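Enquirer: Have a look at this one before I ask anything.
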Ligand code: NI
Ligand code: NI
Ligand code: NI
Ligand code: NI
Ligand code: NI
Ligand code: NI
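Chains as they are written, first to last, in full-length UniProt numbering: chain A, 416 to 627, 631 to 642; chain B, 418 to 627, 629 to 642.
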């Protein structure tokens with residue numbers, strides 16, 4: 416996990432130029448059809464750059480190069496924010512965003528918001544690509560089961576929930592430098608897997624119960 | 418190239434390069450042209466790098482197996498040189514090739530990788546030499562206990578250092594140390610080229626005369 420982080424500059428350096436010219440190109444006199452192409456380089460280039468950025472920092476985390484910072488953040492305000500990106504396209508029918516935050520759960524807890532923001536988004540975004548019609552509910556509750564209260568977050572999948580082989584391969588997902596690029600055909604897109612690894616790093620477990631899927635994450639916490 | 422870059426890196430970058438090849442068909446100013454010209458000449462660099470990084474990790478891990486089929490040796494070596502002739506005509510370079518009288522027409526092996534290794538060395542020449550002559554000698558080597566094939570590519574080019582020579586022969590990934598970040602970007606395909614030959618069955622070494631650098635592999639020629 417040192418490697419990708421060690422040579423991070425040279426994976427960044429040309430990509431910084433691709434968007435560098437692009438966010439610069441918009442200022443030039445662009446014709447009607449030209450600007451349609453240049454912004455495509457902007458729009459598609461970023462979603463690859465963020466992917467690149469998203470795989471390097473997780474590569475840094477498994478090495479122990481950097482730490483997940485512990486701060487006290489508004490748990491509900493983050494979740495309701497996570498919904499608001501998807502609520503704008505929730506007006507299209509045959510899907511319904513539902514949020515249930517059990518009254519017992521705290522409003523603020525100690526953890527890392529940004530990396531939790533990804534995992535909640537990555538679990539939520541997967542539900543949209545899965546469901547053609549239906550409704551998606553996100554529960555934020557704590558399961559008192561266990562020696563010490565632990566927080567749980569789950570998202571319910573609409574269709575073809577999981578391959579029996581496919582899920583097991585998700586639970587035992589550990590990716591190295593080259594492994595993050597190999598395009599394993601088994602199929603959990605990069606987005607899902609990176610998301611999975613973090614939820615192991617912060618403690619707790621990942622759970623998917625496929626019933627004809632509820633991508634569940636159970637972070638820990640100390641009772642205070 | 419024998420490693421499939423991810424479904425989520427290849428296709429966004431596929432759209433970026435698709436624009437640059439398409440955008441030049443549109444009238445644009447000179448200063449505007451360089452911006453799109455680099456994205457083609459730089460967006461490829463990252464895509465070439467991600468593949469190269471991935472290729473080593475697959476060679477070391479052993480997930481790569483070689484075909485055993487009969488191919489025409491002359492065509493392959495003749496076909497590789499046809500690629501570079503257009504790149505060699507502009508560059509003031511005369512590339513020449515000699516194939517010994519004794520080396521056979523057909524040998525059993527893997528023609529797809531052997532092309533890549535021959536492509537790998539042959540590219541390195543043009544990368545590090547101008548004004549010079551590039552030569553490709555194909556000749557069997559009888560010094561071993563049994564006749565073996567060996568292919569030599571040398572350039573009237575600038576030599577390799579004492580440490581870059583040592584690095585190309587010893588450095589490995591998911592191992593001790595890769596020794597560089599800046600220096601590998603150009604010479605990474607040569608390590609890959611070594612990985613095949615070392616797997617192919619014979620040793621691949623480099624002897625740098627202080629000017630011409632000869633990169634020669636020895637492949638185990640078929641029994642009879
Ligand atoms: Ni650096
Ligand atoms: Ni922007
Ligand atoms: Ni399926
Ligand atoms: Ni896809
Ligand atoms: Ni091209
Ligand atoms: Ni390793």
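All C-beta atoms, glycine included, are put in the ideal place defined by N, C-alpha and C.
Residue 598/B touches chain A at which residues, Cβ-Cβ below 8 Å?
Expert: The contacting residues are 421, 422, 424, 425.
Enquirer: State the Cα-Cα distance for the pair residue 439/B and residue 563/B, rounded to the nearest angstrom.
Expert: Going from the Cα of residue 439/B to the Cα of residue 563/B covers about 54 Å.
Enquirer: For residue 420/A, is the classification buried or exposed, using 16 other Cβ atoms within 10 angstroms of its Cβ as the cut-off for buried?
Expert: That one is buried.
Enquirer: Restricting to runs no shorter than 3 residues, where is the beta strand (DSSP E) found entirely within the stretch 473–517 of chain A?
Expert: The qualifying runs are 486–489, 512–516.
Enquirer: How many angstroms separate the CA atom of residue 519/A from the CA atom of residue 557/A?
Expert: Their backbone Cα atoms lie some 8 Å apart in a straight line.
Enquirer: Within the 7 Å Cβ cut-off, does residue 587/B reach chain A?
Expert: No, because no Cβ of chain A sits closer than 7 Å to the Cβ of residue 587/B.
Enquirer: Using DSSP with H/G/I as helix, E/B as strand and the rest coil, what is residue 576/A?
Expert: Residue 576/A falls in the coil class under three-state DSSP.
Enquirer: Taking only runs of the alpha helix (DSSP H) that begin and end inside the stretch 574–618 of chain A, which ones reach a length of at least 4 residues, in chain order?
Expert: Listed in chain order, the complete alpha helix (DSSP H) runs (minimum 4 residues) inside the stretch 574–618 of chain A are 579–586, 605–616.
Enquirer: Please list, in chain order, the chain A residues whose beta carbon lies closer than 8 Å to that of residue 614/B.
Expert: Under the 8 Å cutoff, chain A gives no residues; its nearest Cβ is about 20 Å from residue 614/B.
Enquirer: Which residue wins for smallest C-alpha separation from residue 591/B, given the options 508/B, 473/B, 632/B?
Expert: Nearest of 508/B, 473/B, 632/B to residue 591/B, Cα basis: 473/B.
Enquirer: Find the residues of chain B that neighbour residue 448/A, judging by a C-beta separation of less than 9 Å, and give them in chain order.
Expert: In chain order: 443.
Enquirer: For ligand 4, list every residue whose C-beta falls under 7 Å from any of its heavy atoms, going in chain order.
Expert: Going by the Cβ distance cut-off, the answer is 604/A, 424/B, 425/B.
Enquirer: Can residue 578/A be considered in contact with ligand 3, in the sense that its beta carbon sits closer than 6 Å to one or more heavy atoms?
Expert: Indeed, a heavy atom of ligand 3 lies less than 6 Å from the Cβ.
Enquirer: Assuming residue 549/B is part of the alpha helix (DSSP H), what are its boundary residues?
Expert: Unbroken run through residue 549/B: none, as it is neither H nor E.
Enquirer: Helix, strand or coil: how does DSSP classify residue 638/A here?
Expert: Here residue 638/A sits in strand by DSSP.
Enquirer: Would you mind working out which of 484/B, 554/B, 538/B sits nearest residue 616/B, comparing C-alpha positions?
Expert: It is 484/B whose Cα lies nearest to the Cα of residue 616/B.
Enquirer: Looking at ligand 6, does it come within less than 6 Å of residue 575/A, judged from the CB to the closest heavy atom?
Expert: Not so, every heavy atom of ligand 6 lies at least 6 Å from the Cβ.
Enquirer: With residue 605/B and residue 541/B assumed to form a contact (beta carbons below 8 Å), what rounded beta-carbon distance in angstroms separates them?
Expert: Not confirmed; about 10 Å, so no contact.
Enquirer: Just to confirm the assignment, what range does the beta strand (DSSP E) spanning residue 562/B have?
Expert: Premise fails: residue 562/B is in no beta strand (DSSP E) and is neither H nor E.
Enquirer: Compute the Euclidean distance between the alpha carbons of residue 462/B and residue 429/A, then round it to the nearest angstrom.
Expert: Residue 462/B and residue 429/A: Cα-Cα distance of roughly 7 Å.
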